[PDB]
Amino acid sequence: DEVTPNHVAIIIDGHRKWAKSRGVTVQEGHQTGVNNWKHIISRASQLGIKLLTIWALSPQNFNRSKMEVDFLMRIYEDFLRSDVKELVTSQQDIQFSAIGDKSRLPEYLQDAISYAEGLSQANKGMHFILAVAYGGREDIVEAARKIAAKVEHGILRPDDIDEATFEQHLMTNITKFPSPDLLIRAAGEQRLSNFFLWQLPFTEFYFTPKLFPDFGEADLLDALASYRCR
């Protein structure tokens, strides 16, 4: 069917709030959040979505405490070594990529990343993108930098720059569905917090108050039913 979005993107949020409300640590809030991901991914795959993006970490998130960030990077490595392995080797045959500024991540996380990308490189199922150390402004700036370098080496002239060319130098140039059809944001806030910007001119937004550690397959289903009503 076509009333199923090709690209669904998710802003996760609410881990601290949820931890707080449950008299629990933020590390446990984060871990339970991340444990939801595999079911979210399988479900998106089952629904015939071609691309699911989960926004795991912004470049501003590097401003949180070092303990918090280091815990997160570890949880992400566990996710890639455990759950992603299963997803990409299962009959869902998911293809895995990460986007963002990877050289800002610890080398252990960079290696879990390229391992899962290598493992799934020729799979044919749903694309799953983990956006880590990704920010929308930075993506646009880096695209413009790359284009500028090519202009300086004679490869491109200023008036050859159009949307399509701009689109080919964004970090989303790994997909043919760069622009999400549907953007979901958990935890109640109605803003982008420097996620995709270029990619969002026509995307439908869906805001739930649900804190992300409580966010399940049903909530993805609810986002999709909202999308179908529009």
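The first residue of the sequence shown is number 1, and the count goes up from there.
Can you tell me which stretch has the higher mean Cα B-factor, 193 to 201 or 23 to 31? Per the deposited B-factors, the answer is 23 to 31.
Greater mean Cα temperature factor according to the PDB record, 59 to 67 or 45 to 53: The entry gives the higher C-alpha B-factor average to 59 to 67.
Would you mind finding, among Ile147, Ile94, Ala133, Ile155, the residue with the largest C-alpha temperature factor in the entry? The record points to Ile155.
If you rank every modelled residue in this chain by C-alpha B factor, which third holds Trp18: lowest, middle or highest? Tercile = highest for this residue's CA B-factor.
Among the chain's modelled residues, which third holds the C-alpha B-factor of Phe128? Ranked within chain, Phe128 CA B lands in the lowest tercile.
Could you say whether, by C-alpha temperature factor, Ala186 belongs to the lowest, middle or highest third of its chain? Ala186: CA B-factor falls in the lowest third of its chain.
Could you tell me which third, lowest, middle or highest, the C-alpha B-factor of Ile40 occupies within its chain? According to the entry, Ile40 has a C-alpha B-factor in the chain's middle third.
When the modelled residues of the chain are sorted by Cα temperature factor, does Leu170 land in the lowest, middle or highest third? For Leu170, the deposited C-alpha B-factor lands in the lowest third.
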